[PDB]
Each structure stands twice: as structure tokens, then as C-alpha cells.
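Visitor: First to last, the sequence lines map onto chains B and X. Per my numbering, the first sequence starts with residue 1, numbered consecutively. Per my numbering, the second sequence starts with residue 1001, numbered consecutively. Note that the Cβ used here is the ideal one computed from N, Cα and C, for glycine as well.
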Amino acid sequence: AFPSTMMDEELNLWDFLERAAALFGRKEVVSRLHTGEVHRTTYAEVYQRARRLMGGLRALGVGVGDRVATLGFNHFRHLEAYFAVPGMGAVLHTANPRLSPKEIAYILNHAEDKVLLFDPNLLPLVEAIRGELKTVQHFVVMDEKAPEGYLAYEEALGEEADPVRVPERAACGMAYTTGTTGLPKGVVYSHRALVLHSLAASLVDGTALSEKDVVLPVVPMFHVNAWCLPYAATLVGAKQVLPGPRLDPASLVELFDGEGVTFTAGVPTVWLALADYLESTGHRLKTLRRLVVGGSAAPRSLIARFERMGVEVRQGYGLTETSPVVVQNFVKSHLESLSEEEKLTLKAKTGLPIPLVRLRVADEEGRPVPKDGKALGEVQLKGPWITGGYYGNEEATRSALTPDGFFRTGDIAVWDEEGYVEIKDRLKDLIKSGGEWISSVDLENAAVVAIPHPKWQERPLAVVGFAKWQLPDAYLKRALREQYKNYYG
Amino acid sequence: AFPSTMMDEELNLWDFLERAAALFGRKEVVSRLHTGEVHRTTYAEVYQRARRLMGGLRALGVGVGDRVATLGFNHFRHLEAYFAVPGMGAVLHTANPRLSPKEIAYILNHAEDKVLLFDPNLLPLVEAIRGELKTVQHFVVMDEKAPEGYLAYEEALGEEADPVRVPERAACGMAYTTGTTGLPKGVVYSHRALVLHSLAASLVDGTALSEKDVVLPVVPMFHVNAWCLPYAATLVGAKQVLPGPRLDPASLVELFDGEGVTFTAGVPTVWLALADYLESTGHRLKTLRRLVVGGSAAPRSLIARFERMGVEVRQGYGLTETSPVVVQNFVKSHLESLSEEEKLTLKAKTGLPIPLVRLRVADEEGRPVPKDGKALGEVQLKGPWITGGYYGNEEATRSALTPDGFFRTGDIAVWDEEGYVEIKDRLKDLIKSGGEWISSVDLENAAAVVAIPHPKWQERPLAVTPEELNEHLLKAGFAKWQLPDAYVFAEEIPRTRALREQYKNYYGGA
Ligand SMILES: [C][C][C][C][C][C][C][C][C][C][C][C][C]C(=O)O=P([O])([O])O[C][C]1O[C](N2[C]=NC3=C2N=[C]N=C3[N])[C]([O])[C]1[O]
Ligand SMILES: [C][C][C][C][C][C][C][C][C][C][C][C][C]C(=O)O=P([O])([O])O[C][C]1O[C](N2[C]=NC3=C2N=[C]N=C3[N])[C]([O])[C]1[O]
Ligand SMILES: [Mg+2]
Ligand SMILES: [Mg+2]
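Below, the structure written as C-alpha cells:
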């Protein structure tokens, strides 16, 4: 009816790195490899090599819309791939190496990945599933050297190439979730989604990411793209410290103090081990001011634990299906007058819905439940970075949405007049141990329930093809939980 | 083929207020009206009343794409209009009341505004131009009451209507700039542009806007939508303090302390008057932490004066054509170890290009100039909230764009290796006085008019009896504020910048 005079310019993830090279080219990207060695590079160097990776991947037959998979932890080569793949108009498929060999082979075949990039210490896993893969044409070891039948990352790098421009709604990356019944379900993100997501979650009431920040993603780069942290840190031009597979407290403290980390994010399990170590050694982190916890409900003790040491803890919530951030916790200005007990209770809640997200806690008919912090209902979402369905799964798609088009998280929650959400339960019958999923129904079909654990957050308990961490520790199910609520302490 | 699984949800300005009402509904919106009185409301009330304004405007015939104009200062009703008009799929035309009656009549006729909302103290101006208007059907006074032939705002409110979602690329608002040659040129903003603009400019390295902030936009809601501040403040759920037409230092100080203002934004002229007041009285602001200055190059002394009082000063740059923010100043982490003098100089610079902005300082061929902070070139921009032309003007459109699609600002600047831009000069021949444009060429025709530095205003016209020349200009339709301060005579004007260098310190300007 009335067109605007605004330029039709597309949002693109490559713009984050292109800006980082131009304005903050000298800012560092520090990586700790699997061997323990520390690698140092910069945004300018990462930008140069990411351009070389684009030309290199093109030589291997990667075109627009093609899937390029990764199996690796947090380091600079993974960060180069985080930009090169979406930069050339291809799809970054970050796969989880902690899954079963059968799960990984299924998702690589389902996504029809053309090229696989993986860490040197994950070679045995790749050697094991290689015979099962039907689409991967080139196997690339993220290192200087590669064994026979394998291509080395540094050898794979080609001539510098310009980024390919695509409509912002086009695919940039994809990830499969194991937090469902049956087969893993695929979610395909767009440039538009991840750019908007990076902006809205970086605001002051969110992560408050700044150029002055030194960012350490403890969250794996195969968990919803490390919660988009590497993208958002590049956007602001913050220094990045990538810890690799070593997430033990001594290894982290070393990077925390040595590189002057100011902001970090990870799952509760890792933070509990860190807090335990800091308390036992009487050590205080000299620069860390802000800590984000997600993936699972952060215990009240974990927050108070870190506040005691001068570390601000902010909870965040989301799904593979939501990019992932939809909810972030912060204390409102008028609620600062609350007592320390009441404030801790508020901090222990899930948090407030973030900008550009439409959140509701609703019933079976889709009607919002009372905002009294007591009535239970399902968290339902709507927005530009929330999935509208699944890739190559009609049955999973048609049950993912409500009649009025809201995504169903499968999470039972309450909400109050202040707008705070608080995850209470789960509709989907699953177990989340140390940030990773275990299917109850898949265990039963071989009764199993999720039992609270101090360390992991849930542990399976079987009442009488799977890994050792999936094995139940000890030996109409809505009652079995309330009976053994304190079986694992 | 291989699409994303992401929802096709549009970006809409209405979501800012909807979120504000649902999470921060009790947060206050405080307005000082033209009478001096202080009005208090909340985001929940504003949201409820904005819904009623949508229903009311629809009853007045406002459809999707229709233009609704405003002639008013900063208050709750303008904030309600800021959301209701775009929320119903209409276009909010924020008009500048400081422009000449002929200019206001021209821009209202050009935009084909159907409804006009105006402040009560601006009745004489509206009465003076009413006969010249051709499209305005309803005249709404932003007050409880209205004279015969005029509709009261409170009367205009109808039934609570649900917002209408339009494509994000579609128009949400428009504004005309008098910073060109000839008649004003129109720029049409989209929902997409302003939502992205509000997000990017609100980051820590920008305005760092938060729920806990108390925001006072001194920048008028008719200056590129108060620099998009009222939208961004609603987005974060910050308390809003809207000062109205009274921008004198004493009135502002009362709001700064009385409402606990933490963040504010405005033009240099306003901040110089405030600094003068605080230094003269010995009064110190008890809550102000962050001050933003834009529209003109902030003087080094102005920044130093506020930093001395504990107020952080950050420069920002933009145009009506750019929404407006494209550049924001902040000190880089590794530059914090610089001395007070070096840091102050860095703060005096324009700043760094903000996220989702493609900035370059280029020559006449379109090639980037060396990054030595010396080589001069034109600032050229590309991005989602940068205009790709002007409304209903093909000629102005093609002359404002480079072959490769960059927008030409008409600003001469230098840039360095750290990425800092510094506006040094202007290609366009104009004078910016107190944030408002004066056309030198228009003053020339009616012999030579140049911009000369001024302590208070920013630049002031100078023509190369002084009383004769004034009355001739007044008769040609020029206001008292547009008249050149002084007249200097010569013999020959070098035909085809020298005069500006010859009379640099004629008004003792800095
Ligand atoms: C840009 C940067 C930003 C960042 C910050 C924030 C962070 C936070 C986020 C996190 C998210 C997580 C992810 C995940 O986990 O996903 P998945 O795997 O798919 O899963 C989902 C699930 O889980 C759970 N959760 C989560 N989170 C949480 C939980 N719970 C409780 N709480 C919390 N927080 C649920 O269940 C879901 O569903
Ligand atoms: C939302 C958030 C908010 C933030 C804020 C920031 C600040 C920034 C803003 C400012 C901008 C202004 C705009 C304007 O002014 O427009 P116009 O009127 O159109 O004009 C344009 C012109 O002007 C000038 N400038 C501006 N700014 C500046 C300047 N100069 C120098 N410096 C500075 N800063 C130029 O010339 C342009 O062209
Ligand atoms: Mg999931
Ligand atoms: Mg202009």
C-alpha cells in the first residue's frame, strides 16, 4: 500500500566477521587444543582463513544449500567454519560427538552432509561410522596433519574467496535434537534468525556483550551453536577464549585468570565442579564478573554459591528448536529492594521472555493460564528464530505447533504478574544427565524415571546400544518420581 | 529445495509496546506539558490508550498505508501515537513545527496526510496553514479539549482495536529533511528498519539501554523520531520522562533529579545551556550517568565539562535518511590506557560504525580513502535502516546513490586504522543552527552565505545596510532565526571555502 524508501539489504552472519576484521582486527581468539597447547590468532587472521576455507570447500564440491558437518569442540578452526560455511551460502551442521555412533550416523545421513570436519582426537569415532555414512565425500581433520584417506584442514584451505549472498531467510545452519521420543529431529536455522537472535540476547538485560568483554564459551559448539555465543562475541568484537574438550576446573581457572575472562556460559554440571574447586582451594577468579547458566534448571545453591564469590549468575532458557535463547533472567529495578532470600528465589527462576519473542504458558486449548505463579501449563513460543517445524519429519512437524501457530516446547511451567517464567516439569518423558539427553521410553523398551542428582541433574533409575553414562545407576509413572525424589540425594 | 524451519514472523514496532505492557506495565511514563504541569501514566495505560487510538483513527477513515501526521513535542499522547499509527498499518508522519508555514504546508500536502495531531500551543500555526492544506480531513488537538472546527484527542479515542500486522518492509513512518537544496525531501521508514535500528543502537557499546534506566529524550519527537529513543526505551521497558516544549536548563534539572534520570540524548546547543546553568548555580545532577550528543559535532570542551561532573558523554551521528543512528562513539578496550588528553580527543571524534551498518569514507570515484585520519572523503552507507532514495523524487534518488548502491550523506570525513570516523566538513551547502537547517543558497538568491562557528548555536549564517538585507529576506518568507548575524563587505567573491577560513572566528565560535 505504502512502500518504504529503506534499502533492501539482507541480514547475513558473515557480516559479523567482516565487521570484526575491519574494526577489531587485532582482537584475539585464544584456543586450547586437545593436547593442552594454547593457540593464539586474531579476527583479521580468522577472517583471512575463513575466506580460504570458502574457496577450499568450493574445491571439494560444496555449493549453496549444501550441508557441511562438524564434529568438534571449541577452537579457532571451528570458529572459522562457523563463518565460512554460512558465508558461502552453505549449511553448517554441528553434530554432537557425545551421541551414540548409531545416532551420529543417522543424522549425518539424514542431513546428507557432503563434507565432514572433525577433531583429531575423534578420529576413532569417525573411523567407526565411516562405513555407515552414505553421503560424506570428504573427511577433514581439523589439524595440520591427517592420516591416509583423510584430508588435513590446513591442506584443505584454498584461495581466498568472496562470500556468497543469499536471501536472509535461507538456511545457514542446522542441528538435531535428541530430546524427543524416537529418532533425532532436525532444525534448520536461517541467517535472519541467528542474526536477530545474536542482537536481542546481547542487550544489557541479557548477556550485555561488549567489545571490552573477554568471552569463554564453555557450552560446546555442538549445542545449538554454543548458544550463538561465538556469533554474538564476534558481533561486538569481544576477545574469545575457546577451552576445547578440557572442561575440568583446573583447566578453566587457568584460562579464566590467564586470559582475563569477563563473561562465560555453560551447563550447571560444569559450574558445580568449578565452584567446588574454587571453594576447596580458596581461589577467587580475578576478572570473571558474569556467568550464564542454561540447558537445565540452575539450583538455588549454585547461584548463591557464585554470588558469594562476587560472580553474577544469570539463568537462560531455550531449545535446539529456538536458536536457542527465548528467556533470560535479570532482576527488575523495582524488585531490588527485596530481601536477599527473595532475590535469590527470583534469580533461581527461569527468567523473563526476551525481545522479539512471544511467550505464553497455556493449556491444552491454547488458553493462557493465570499469572499467579501457581497454575501449570505448557510454554509456547512464537518469533523469527523459533522453529515452525522439523526437517524431513511430517509427523514431528504437525504436532510441533498449536492450532494458532505457537511452537510447543513440551515444558510445564508457571508465570507471575511480574512476567517471570519458572520451568517446573516436562511433558516429554526424558532424562537430562550433564547436559545430554537419555530417552526413558527407549530404555524401557529394552520402567525408567528421571531422579534428581546433585552433580548431573537427573539420573535414570530402571525398575525391574547404550553408553556407560546412559546406564541407570540403581534399580502411570507420575508417582514413581515423588516416591524416590531423594534416592540419589 | 532446502529451506530453514524458522517461522515466517514479521518484525513490528507494536511488539515493543506489547512486551512493555506485559512485563513492565507498571513502569512510568512522565510528561511535562506546555503549561508546566507534570502528567503521570504507565506502559499498561499507554498500551490500552494506543489500542483506543487505533480504533478511533479507523473510525476517522485511517486505513493501511494512510499517513497520520503529528506536530507536537515530547509527551504521552505522542508516545501513544508512535505505536498506534504503525500498529494499525498506517504511516506516522512526524512534522517539524519550527519550519516555515509554507514548508509545513508543502510536506503535509506532499505526504497526503489524512489526519493531523498537534499540540495545543501550536494552534496559531495550524490555523495559519489550514487553508493551504488539501488532504487533511481531521484536525486533532492533543489535549482534553478542543475549539470549534477541531477534535479533541480524548474525544478521538474509540474502541480498543487489535493491531494489524503488515509486511515488515512496509512503511511505519516518514519524515522530511530540509537539509537539501530546494524543497524538503521525504524518507519513509519501515517496521523492519526501526526495529533493527532500536536493537543495534541499544547495545552496550551504544546506548546500553536497560529496564533500570530512566530515559529523557530532549531530542524532539519530530527529529528523526527523537532518534528512535522512545521506541528503544519501550523495547527495554525503561522509565520514560518526556520534557515537552520546555527545554530550558531549570525545567530539565527538575526532571533530571525529580524523576531520577539516568540516560538522556540531545543536541549540543541544549547541553551547552545546561552546562552553563550547572556551572553558574553550582548545582549537580544526582542521578545522570549517561549523556548522548548528536546532530552536530560535539565540542571538546562540552565533553570535558560533563565528564568532570561524573556524566559519561557519548557522541552519535546520523541523518533523517538513516533512521538516524549509523555511528556511535565509545573508547576501545586497548585505548583505555591513553591519557586524559588523548581520550578526550578520541571522545571528540564521531565514533565507530554500529552493527548492521556498512560505512566507508570514499572519493569521487567511490574508492575508500586511506585510513590515516587525514585523507578526506565522503561518508557512504549501506544497510537495512539506510534509505535507498526519496519519496516521489526520482532525481533526488539517483543523485544520492553511488553506482554500487551506497547512500551519499554529503559529509566529508576522515577515518583511521582503529575504525574511528571524524566528520570534518560538508559537501552540501547548508548551515545547522541549534539543530535546525538554514539554506545558504536560498539566502544567497534573495551575495555569499557561509556557515561560521558559534559557541552557542552551532553555526550561524554570515553574508559576504545589514538592516536592508534583513527586511528583504523577511519579506521573502524567512524567519528571524534564519537571518545572518553579521554582514561583511568585499570587492570580488572568488567564483568558480575561503571565506569560512577568513572569518573562522568572527562570532568567536568554537
Ligand atoms: C547469544 C548468547 C546468549 C546466550 C545466553 C543464554 C544461554 C541460555 C540458553 C540455554 C539454552 C539451552 C539449550 C538446550 O538445552 O536445548 P536442548 O538441548 O534442545 O534442550 C532444551 C530443553 O532443556 C531444558 N532446559 C533448557 N534450559 C533450561 C531448561 N530447563 C530448565 N531451566 C533452563 N534454564 C528444557 O526442558 C528444554 O525443553
Ligand atoms: C535509539 C537509540 C538512540 C541513540 C541516539 C544516538 C545519537 C545519534 C543521533 C544523532 C543523529 C542526528 C540526526 C540528524 O541530525 O539528521 P539531520 O537533521 O537530517 O542532519 C543530518 C546531518 O547532521 C550532521 N550531523 C549529525 N550528527 C553529527 C553531525 N555532524 C557532526 N557530528 C555529528 N555527530 C551531518 O552533517 C548530517 O549530514
Ligand atoms: Mg530440544
Ligand atoms: Mg538530512
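For the alpha helix (DSSP H) containing X:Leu1079, list its first residue and its last residue.
Guide: Where X:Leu1079 is concerned, the enclosing alpha helix (DSSP H) stretches over 1076-1087.
Visitor: Shorter than 7 Å, the distance from the beta carbon of X:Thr1005 to the closest heavy atom of ligand 3, or not?
Guide: The answer is no for X:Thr1005.
Visitor: Would you say X:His1454 touches ligand 1, meaning its beta carbon is less than 7 Å from a heavy atom?
Guide: Not under cutoff, so the answer is no.
Visitor: Just to confirm my understanding: we take B:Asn12, look at its own chain, exclude 5 residues before and 5 after, and list those with CB closer than 6 Å. What are they?
Guide: Taken in chain order, the residues that qualify are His191.
Visitor: At a cut-off of 7 Å, is X:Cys1228 close to ligand 2 when judged by its beta-carbon and the heavy atoms of the ligand?
Guide: X:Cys1228: yes, Cβ under 7 Å from ligand 2.
Visitor: Alpha carbon to alpha carbon, how far is B:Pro86 from B:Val62? Give it in angstroms, no decimals.
Guide: Approximately 11 Å, taken between the alpha carbons.
Visitor: How would you write the range of the beta strand (DSSP E) that B:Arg305 sits in, first residue to last?
Guide: Careful: B:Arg305 lies outside any beta strand (DSSP E), inside the alpha helix (DSSP H) at 300-307.
Visitor: Look at X:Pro1384 and B:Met174 and say whether their C-beta atoms are less than 8 Å apart.
Guide: Taking 8 Å as the Cβ cut-off, X:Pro1384 and B:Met174 do not qualify as a contacting pair.
Visitor: One question on the structure: do X:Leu1381 and B:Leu199 come within less than 8 Å of each other, judged by their Cβ atoms?
Guide: For X:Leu1381 and B:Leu199, no; Cβs fall outside 8 Å.
Visitor: Could you tell me whether the Cβ atoms of B:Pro324 and B:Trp437 are closer together than 8 Å?
Guide: In this structure, B:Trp437 does not lie closer than 8 Å to B:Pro324 by Cβ.
Visitor: Quick check on B:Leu471: buried or exposed, where buried means 16 or more other Cβ atoms within 10 Å of its Cβ?
Guide: Exposed, by the Cβ-count rule.
Visitor: Relative to the alpha-carbon of X:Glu1459, which residue among X:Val1379, X:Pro1101, X:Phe1306, X:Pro1268 has its alpha-carbon at the smallest distance?
Guide: The option with the nearest alpha carbon to X:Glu1459 is X:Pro1268.
Visitor: Mind reading off the beta-carbon distance from B:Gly377 to B:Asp363? Whole number of angstroms is fine, and I expect it under 8 Å.
Guide: That belief holds up - the Cβ atoms of B:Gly377 and B:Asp363 are roughly 5 Å apart, short of 8 Å.
Visitor: Name, please, each residue of chain X whose Cβ falls closer than 7 Å to the Cβ of B:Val141.
Guide: Under the 7 Å cutoff, chain X gives no residues; its nearest Cβ is about 27 Å from B:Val141.
Visitor: Assign X:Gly1025 to one of three DSSP states: helix, strand, or coil.
Guide: X:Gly1025: coil per DSSP, three-state reduction.
Visitor: Between X:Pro1220 and X:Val1214, what straight-line distance do the alpha-carbon atoms span, to the nearest angstrom?
Guide: Roughly 17 Å between the two C-alpha positions.
Visitor: Would a check of beta-carbon distances place B:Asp162 closer than 8 Å to chain X?
Guide: So no, B:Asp162 is outside the interface.
Visitor: Give a yes or no on whether 8 Å exceeds the smallest Cβ distance from B:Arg19 to chain X.
Guide: Chain X contact via Cβ: present.
Visitor: Going along chain X in order, which residues have a C-beta closer than 8 Å to the C-beta of B:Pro3?
Guide: Chain X residues near B:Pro3: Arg1169, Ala1170, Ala1171, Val1188.
Visitor: Under 8 Å, Cβ to Cβ, is there at least one residue of chain X near B:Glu378?
Guide: False, the Cβ-Cβ gap to chain X never drops below 8 Å.
Visitor: If you follow the alpha helix (DSSP H) that X:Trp1437 is in, where does it begin and where does it stop?
Guide: X:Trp1437 -> not in any alpha helix (DSSP H); beta strand (DSSP E) instead, spanning 1436-1439.
Visitor: So which of X:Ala1476, X:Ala1448, X:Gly1477, X:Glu1148 has the shortest CA-CA distance to X:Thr1496?
Guide: Nearest C-alpha to X:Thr1496: X:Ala1448.
Visitor: Taking 8 Å as the threshold (C-beta atoms), are B:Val421 and B:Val379 in contact?
Guide: Yes, the pair counts as a contact, with Cβ atoms nearer than the cut-off.
Visitor: Short of 7 Å in beta carbon distance, which residues of its chain neighbour B:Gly55, apart from the five on each side in sequence? Order them along the chain.
Guide: Once the five neighbours on either side are set aside, the close Cβ partners of B:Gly55 are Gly158, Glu159, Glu160, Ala161.
Visitor: Which residue spans inside the region 406-454 of chain B form an unbroken beta strand (DSSP E) run of at least 3?
Guide: Here the runs fully enclosed are 407-415, 421-426, 430-433, 436-439, 448-452.
Visitor: Between X:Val1293, X:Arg1360, X:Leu1060, X:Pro1120, which has its C-alpha nearest X:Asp1416's C-alpha?
Guide: The shortest Cα separation from X:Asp1416 among X:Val1293, X:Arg1360, X:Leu1060, X:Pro1120 belongs to X:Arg1360.
Visitor: So, is the C-beta of X:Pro1384 closer than 8 Å to a C-beta in chain B?
Guide: With 8 Å as the cut-off, X:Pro1384 counts as an interface residue toward chain B.
Visitor: Determine, using beta carbons only, whether B:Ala59 comes closer than 8 Å to chain X.
Guide: Closer than 8 Å: no.
Visitor: Determine whether the beta carbon atoms of B:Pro120 and B:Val136 lie at a separation below 8 Å.
Guide: Not closer than 8 Å, so no.
Visitor: Alpha carbon to alpha carbon, what distance is there between B:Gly489 and B:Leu123?
Guide: For B:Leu123 and B:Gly489, the distance between alpha carbons rounds to 38 Å.
Visitor: For a contact defined as C-beta to C-beta under 9 Å, what are the partners of B:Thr387 on chain X?
Guide: Going along chain X in sequence order, the residues near B:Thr387 (Cβ under 9 Å) are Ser1004, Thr1005, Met1006, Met1007.
Visitor: Hey, how far is the Cα of X:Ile1303 from the Cα of X:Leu1344?
Guide: Those two C-alpha atoms are separated by around 8 Å.
Visitor: Report the neighbours of B:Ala201 on chain X: residues whose CB is nearer than 7 Å to its CB, in chain order.
Guide: What B:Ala201 touches in chain X: nothing, since even the nearest Cβ is about 10 Å away.
Visitor: Is X:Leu1285 near ligand 3, going by C-beta to nearest heavy atom under 7 Å?
Guide: No.
Visitor: At a Cβ threshold of 8 Å, is B:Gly65 touching chain X?
Guide: Chain X contact via Cβ: present.
Visitor: Measure the C-alpha to C-alpha separation of X:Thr1177 and X:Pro1184 and round it to an integer number of angstroms.
Guide: Spanning the two alpha carbons is a distance of roughly 5 Å.
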